[PDB]
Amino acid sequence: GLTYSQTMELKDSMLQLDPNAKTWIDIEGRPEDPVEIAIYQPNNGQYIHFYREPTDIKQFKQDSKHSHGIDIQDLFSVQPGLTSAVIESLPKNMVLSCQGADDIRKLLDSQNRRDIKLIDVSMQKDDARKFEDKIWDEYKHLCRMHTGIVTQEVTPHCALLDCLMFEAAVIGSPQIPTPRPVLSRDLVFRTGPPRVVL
């Protein structure tokens, strides 16, 4: 997982979160094997967003085709250990918002963070994704990892854009403060993005 350097750097970045502010959390992949996690504070735009290689390639490929459309080959360049490091450093008794809490509860409990409380906004399925297209149009530049065609052909689920669109649904408008990542790209990825030489 992370080095001492990376652990110290991760911890400093996470202090940029406001412990009392509304915080969304969303994940892609099962809670025992997640591949994408986003923790997002709408009021100030800050978000923690990272990825993880799957242990179970069989289930991953199903999730790829029917949910997030992530290419497993893209995940080989993501930094391991972030999931446990981030969840360990979340503030004591922090309260997080989510759309469906069952999988998040298991993931947090698995990290011995039962102290973290979940507010399940429990939105109707389509009410929750009312602003999906407008969120994807404005903010899909923020995540490059959903490259496959997803079927159920629907828009793929991104943990980060899910958080953004759930917030837009609550407030009835795509008008949210500008999202801004707190993690350094060099902490999220262990090898830089390859550009096609043209």
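In this text, residue numbers run from 1 along the sequence as written.
S.K.: If the chain runs straight from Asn43 to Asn44, say none; otherwise bin the unmodelled deposited residues as 1 to 3, 4 to 9, or 10 or more.
M.R.: The entry has no unmodelled residues between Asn43 and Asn44.
S.K.: Which is higher in the entry, the mean Cα B factor of 79-87 or that of 109-117?
M.R.: Per the PDB entry, the higher value belongs to 109-117.
S.K.: Mean Cα B factor from the PDB record: higher for 47-55, or higher for 143-151?
M.R.: It is 143-151.
S.K.: Sort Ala128, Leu96, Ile104, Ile72 by C-alpha B-factor from the entry and give me just the highest.
M.R.: Largest recorded C-alpha B-factor: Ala128.
S.K.: Please say which third, lowest, middle or highest, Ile25 falls into when its CA temperature factor is compared across its chain.
M.R.: Tercile = lowest for this residue's CA B-factor.
S.K.: Would you mind ranking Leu198 by its C-alpha B-factor against the rest of the chain and naming the third, lowest, middle or highest?
M.R.: Lowest third of the chain for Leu198's C-alpha B-factor.
S.K.: Is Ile171 in the lowest, middle or highest third of its chain when residues are ranked by C-alpha B-factor?
M.R.: It belongs to the highest third of the chain when residues are ordered by C-alpha B-factor.
S.K.: Which third, lowest, middle or highest, does the C-alpha temperature factor of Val188 belong to within its own chain?
M.R.: CA B-factor rank for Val188: lowest third.
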